[PDB]
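Since the structure comes first, as structure tokens, the remarks are kept for the end.
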Amino acid sequence: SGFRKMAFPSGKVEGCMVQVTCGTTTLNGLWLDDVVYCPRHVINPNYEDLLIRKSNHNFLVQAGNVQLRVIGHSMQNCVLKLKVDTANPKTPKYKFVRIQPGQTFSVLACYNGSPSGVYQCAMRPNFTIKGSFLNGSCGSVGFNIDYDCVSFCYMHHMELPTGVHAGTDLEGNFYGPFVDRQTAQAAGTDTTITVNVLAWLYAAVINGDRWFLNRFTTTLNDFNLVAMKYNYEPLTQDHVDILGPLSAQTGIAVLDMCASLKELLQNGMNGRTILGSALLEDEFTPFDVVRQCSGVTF
Amino acid sequence: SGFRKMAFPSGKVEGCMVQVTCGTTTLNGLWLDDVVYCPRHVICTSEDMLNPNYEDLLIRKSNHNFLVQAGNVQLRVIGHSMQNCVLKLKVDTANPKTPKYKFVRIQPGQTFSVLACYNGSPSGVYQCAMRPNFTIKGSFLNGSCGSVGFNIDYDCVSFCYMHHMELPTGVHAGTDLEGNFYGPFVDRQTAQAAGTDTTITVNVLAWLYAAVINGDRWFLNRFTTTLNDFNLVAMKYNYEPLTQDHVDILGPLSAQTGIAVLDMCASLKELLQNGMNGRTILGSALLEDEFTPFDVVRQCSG
Ligand SMILES: C=CC(=O)NC[C@@]1(C(=O)Nc2cncc3ccccc23)CCOc2ccc(Cl)cc21
Ligand SMILES: [Cl-]
């Protein structure tokens with residue numbers, strides 16, 4: 001029993017965190033094999049013009065108490081790739097993957113190439129992440145683990161005026177309509193991840209909470225009209241299929257659980273909580289619920 | 001900006017997790033130097049758990065009865081002893097990944113990270129608090145016994161908790177790393193129940209100071225309160241009594257935001273009376289009590 005916001009064990013990623021300094025800017029880098037990846041803003045900016053004026057020795061890379069020597073550099077989208085003389089002996093098995101909004105991942109927040117914390121978060125439908133970062137956190141990374149393979153999906157670049165965060169995949173492509181430049185940028189209107197709230201409702205039933213269940217069902221279309229009224233993401237047939245295992249485990253059909261969600265949106269919780277929360281939680285995917293309620297190890 | 005329930009990076013602890021098997025029972029162990037620490041109930045059967053005599057069960061065991069696995073390598077047990085509710089297995093290899101560490105016993109209200117493991121393999125990390133009734137609201141399944149709680153301040157790992165059991169309400173009970181249980185709990189399958197839980201007042205105040213630091217002041221009011229009047233109101237909502245030590249501990253946060261501790265207490269009294277009225281504080285509709293004054297300073301201020 002219990003249901004917590006759980007992050008993946010961070011050890012495989014801790015062994016890759018380095019400090020990258022160029023002039024007056026210091027941020028974090030990801031050292032995998034003989035390459036260090038970091039945000040290109042470490043160097044209205046013209047990044048080809050700023051980079052062409054740099055030599056290899058202008059980049060100071062620190063791995064613990066050891067300086068790494070930069071032997072080459074190149075830019076891929078908004079990520080700077082620093083070729084170093086030493087391959088990281090702690091390099092885990094890894095992939096670079098681009099995630100979709102609604103997907104979750106662990107973030108290892110770092111300052112000066114030193115990991116300070118780990119938390120679980122979700123890519124919001126508006127492509128921002130509600131993270132917890134301070135100045136010097138740039139270059140901190142987001143990941144998932146599957147078996148022994150680390151899939152790197154996020155690199156932190158900036159904070160928006162509302163306190164939320166924006167970054168890229170590990171190939172330097174931003175998530176969302178953002179640019180790596182000090183200019184007026186704002187997060188779009190956010191929406192709730194419907195498939196994730198339903199998954200968390202199934203997790204509450206598995207942990208013995210059934211007060212919100214009702215005898216009713218709904219059509220997908222009628223549910224989608226109601227959910228669009230409450231700034232919830234549209235629920236597709238793919239979402240309904242993905243919730244199949246949880247529906248079969250609890251005996252509550254997805255559209256039956258949707259009718260419970262409609263009643264919660266129209267009437268509230270009435271002084272009650274679900275898994276110790278007075279709000280409907282949307283940062284656990286159907287897979288996170290299955291993994292936590294089964295004990296999958298890495 | 002932002003405020004998340006943050007756990008410590010778990011790598012230093014992952015390198016210590018091993019699998020311990022005795023007969024049909026398999027659980028997790030903590031391998032530090034040449035010793036593996038694990039719950040002593042690894043020597044029990046299900047027909048033993050009601051009234052186990054651990055000294056009698058242990059005296060019948062030899063070193064080779066304990067199978068210890070570190071990854072894909074079997075460790076050789078060369079000695080064994082019991083310290084309170086922890087079994088200490090001396091092994092023939094010192095852990096090369098042993099970090100700098102301390103064993104610390106924490107007080108209720110203190111927080112820590114838990115690395116949940118199954119079969120000596122880490123599956124997840126989360127942040128938790130020792131509740132006033134000495135239980136933890138964790139996320140544990142069968143086979144997670146031996147999972148540990150820790151804090152990593154500087155490069156030193158302070159081990160404060162080892163998981164032993166789940167109580168009937170779904171909450172968890174365990175020991176410090178010297179085998180002394182937190183609370184009035186025993187490692188027996190006897191009828192045990194957690195005492196009535198209460199809210200950690202000093203932690204809610206710390207989280208209210210964290211909200212002010214992040215730019216949220218809607219909940220503040222023009223009132224102050226005496227410590228006694230605050231405790232007479234707080235006890236009625238099942239909040240822990242706030243002591244002069246708690247008021248002293250909140251000093252730095254009070255000085256940083258300019259809000260006196262007893263003025264923040266008056267705001268807490270009003271929140272308890274009014275509720276939030278559709279508003280949130282740091283993305284939450286409930287008053288959060290699992291961040292200590294120290295966690296707030298660490299996260300909001302670096
Ligand atoms: C051979 C021994 C043994 O398997 N012991 C573990 C046990 C336990 O609580 N386990 C579990 C821990 N954590 C989470 C759980 C979730 C779901 C089921 C079991 C969970 C089970 C029985 O009741 C007791 C009673 C006392 C003690 Cl110390 C331990 C236990
Ligand atoms: Cl303490």
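Following the order of the structure tokens, first chain is A, next is B, and so on, with residues numbered from 1 inside each chain and ligands from 1 in the order they appear.
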
Excluding same-chain residues fewer than 2 positions from segment 181-187 of chain B, what lies within 6 Å of it counting only C-alpha atoms, as a PDB file with N, CA, C and O atoms, in the first residue's frame?
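As a result, part.pdb now contains:
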ATOM      1  N   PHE B 134       4.860   8.011  14.547  1.00  0.00           N
ATOM      2  CA  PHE B 134       6.039   7.211  14.257  1.00  0.00           C
ATOM      3  C   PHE B 134       5.926   6.278  13.067  1.00  0.00           C
ATOM      4  O   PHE B 134       6.795   5.435  12.894  1.00  0.00           O
ATOM      5  N   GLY B 174       9.158   0.840  10.777  1.00  0.00           N
ATOM      6  CA  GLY B 174      10.516   0.338  10.638  1.00  0.00           C
ATOM      7  C   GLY B 174      11.431   0.817  11.744  1.00  0.00           C
ATOM      8  O   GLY B 174      10.978   1.382  12.742  1.00  0.00           O
ATOM      9  N   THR B 175      12.730   0.579  11.583  1.00  0.00           N
ATOM     10  CA  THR B 175      13.701   0.898  12.631  1.00  0.00           C
ATOM     11  C   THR B 175      14.757   1.903  12.168  1.00  0.00           C
ATOM     12  O   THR B 175      14.853   2.184  10.975  1.00  0.00           O
TER      13      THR B 175
END

* To do: Can you tell me which residues come within 7 Å of ligand 1 when counting only C-alpha atoms and all ligand atoms, ideally as a ChimeraX atom specification?
  => /A:1 /B:25,41-42,44-46,49,140-145,164-167,172,186-189

Could you take the residues named above and write them with N, CA and C atoms, as a JSON list (two decimals), in the first residue's frame?
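Wrote again_13.json, looks like this:
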[["chain", "number", "residue", "atom", "x", "y", "z"],
["A", 1, "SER", "N", 0.82, -1.22, 0.00],
["A", 1, "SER", "CA", 0.00, 0.00, 0.00],
["A", 1, "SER", "C", 0.85, 1.27, 0.00],
["B", 25, "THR", "N", 12.30, -16.95, 2.65],
["B", 25, "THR", "CA", 12.17, -15.50, 2.75],
["B", 25, "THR", "C", 13.28, -14.76, 1.99],
["B", 41, "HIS", "N", 13.64, -10.30, 10.79],
["B", 41, "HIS", "CA", 12.57, -11.22, 10.44],
["B", 41, "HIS", "C", 12.85, -12.02, 9.14],
["B", 42, "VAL", "N", 14.00, -11.79, 8.48],
["B", 42, "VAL", "CA", 14.40, -12.62, 7.35],
["B", 42, "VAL", "C", 14.60, -14.10, 7.82],
["B", 44, "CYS", "N", 12.57, -15.62, 9.94],
["B", 44, "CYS", "CA", 11.24, -16.13, 10.27],
["B", 44, "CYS", "C", 10.48, -16.79, 9.12],
["B", 45, "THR", "N", 9.51, -17.63, 9.49],
["B", 45, "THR", "CA", 8.49, -18.23, 8.64],
["B", 45, "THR", "C", 7.16, -17.42, 8.91],
["B", 46, "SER", "N", 6.05, -17.73, 8.20],
["B", 46, "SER", "CA", 4.77, -17.08, 8.48],
["B", 46, "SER", "C", 4.17, -17.67, 9.79],
["B", 49, "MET", "N", 5.96, -15.58, 12.74],
["B", 49, "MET", "CA", 5.68, -14.17, 12.92],
["B", 49, "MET", "C", 4.74, -13.78, 14.05],
["B", 140, "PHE", "N", 5.06, 0.92, -0.48],
["B", 140, "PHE", "CA", 5.74, -0.35, -0.32],
["B", 140, "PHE", "C", 4.85, -1.53, -0.64],
["B", 141, "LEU", "N", 5.42, -2.54, -1.30],
["B", 141, "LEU", "CA", 4.73, -3.79, -1.61],
["B", 141, "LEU", "C", 5.47, -4.94, -0.90],
["B", 142, "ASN", "N", 4.92, -6.17, -0.93],
["B", 142, "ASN", "CA", 5.59, -7.33, -0.33],
["B", 142, "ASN", "C", 6.98, -7.52, -1.00],
["B", 143, "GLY", "N", 8.01, -7.75, -0.19],
["B", 143, "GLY", "CA", 9.37, -7.86, -0.69],
["B", 143, "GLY", "C", 10.19, -6.58, -0.58],
["B", 144, "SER", "N", 9.56, -5.47, -0.15],
["B", 144, "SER", "CA", 10.28, -4.21, 0.00],
["B", 144, "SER", "C", 10.99, -4.07, 1.33],
["B", 145, "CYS", "N", 10.80, -5.02, 2.29],
["B", 145, "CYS", "CA", 11.45, -4.98, 3.61],
["B", 145, "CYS", "C", 12.95, -4.88, 3.45],
["B", 164, "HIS", "N", 10.44, -2.43, 7.82],
["B", 164, "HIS", "CA", 10.19, -3.74, 8.40],
["B", 164, "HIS", "C", 8.75, -4.22, 8.15],
["B", 165, "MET", "N", 7.72, -3.34, 8.30],
["B", 165, "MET", "CA", 6.34, -3.81, 8.14],
["B", 165, "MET", "C", 5.30, -2.82, 7.71],
["B", 166, "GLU", "N", 4.17, -3.36, 7.21],
["B", 166, "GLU", "CA", 3.01, -2.56, 6.86],
["B", 166, "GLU", "C", 1.95, -2.82, 7.91],
["B", 167, "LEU", "N", 1.36, -1.75, 8.43],
["B", 167, "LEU", "CA", 0.30, -1.82, 9.43],
["B", 167, "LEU", "C", -1.05, -1.94, 8.74],
["B", 172, "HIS", "N", 3.46, 2.47, 7.17],
["B", 172, "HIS", "CA", 4.64, 1.65, 7.35],
["B", 172, "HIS", "C", 5.39, 1.93, 8.63],
["B", 186, "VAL", "N", 6.52, -3.48, 17.12],
["B", 186, "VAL", "CA", 7.34, -4.67, 17.31],
["B", 186, "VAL", "C", 7.31, -5.48, 16.01],
["B", 187, "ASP", "N", 8.38, -6.25, 15.74],
["B", 187, "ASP", "CA", 8.43, -7.09, 14.55],
["B", 187, "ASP", "C", 7.78, -8.45, 14.82],
["B", 188, "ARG", "N", 6.49, -8.40, 15.14],
["B", 188, "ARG", "CA", 5.56, -9.49, 15.41],
["B", 188, "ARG", "C", 4.28, -9.20, 14.58],
["B", 189, "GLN", "N", 3.63, -10.24, 14.08],
["B", 189, "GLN", "CA", 2.37, -10.15, 13.36],
["B", 189, "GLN", "C", 1.17, -9.99, 14.32]]

Exercise for review: Would you give me, as a PyMOL selection string, the residues of chain A that come within 10 Å of chain B, using only C-alpha atoms?
Suggested key: chain A and resi 1-15+106-111+115-121+130-135+145+159-165+207-208+273+276-279+291-298

Practice prompt. Using only C-alpha atoms and all ligand atoms, determine which residues fall within 12 Å of ligand 2, then list them as a count of residues only.
Written response: 24

Backbone DSSP call of alpha helix (DSSP H) for segment 172-276 of chain B, listed as a PyMOL selection string:
chain B and resi 201-213+227-235+244-249+251-257+261-274

Atom CA of residue 104 of chain A sits from atom CA of residue 175 of chain A at a separation of 13.6 Å
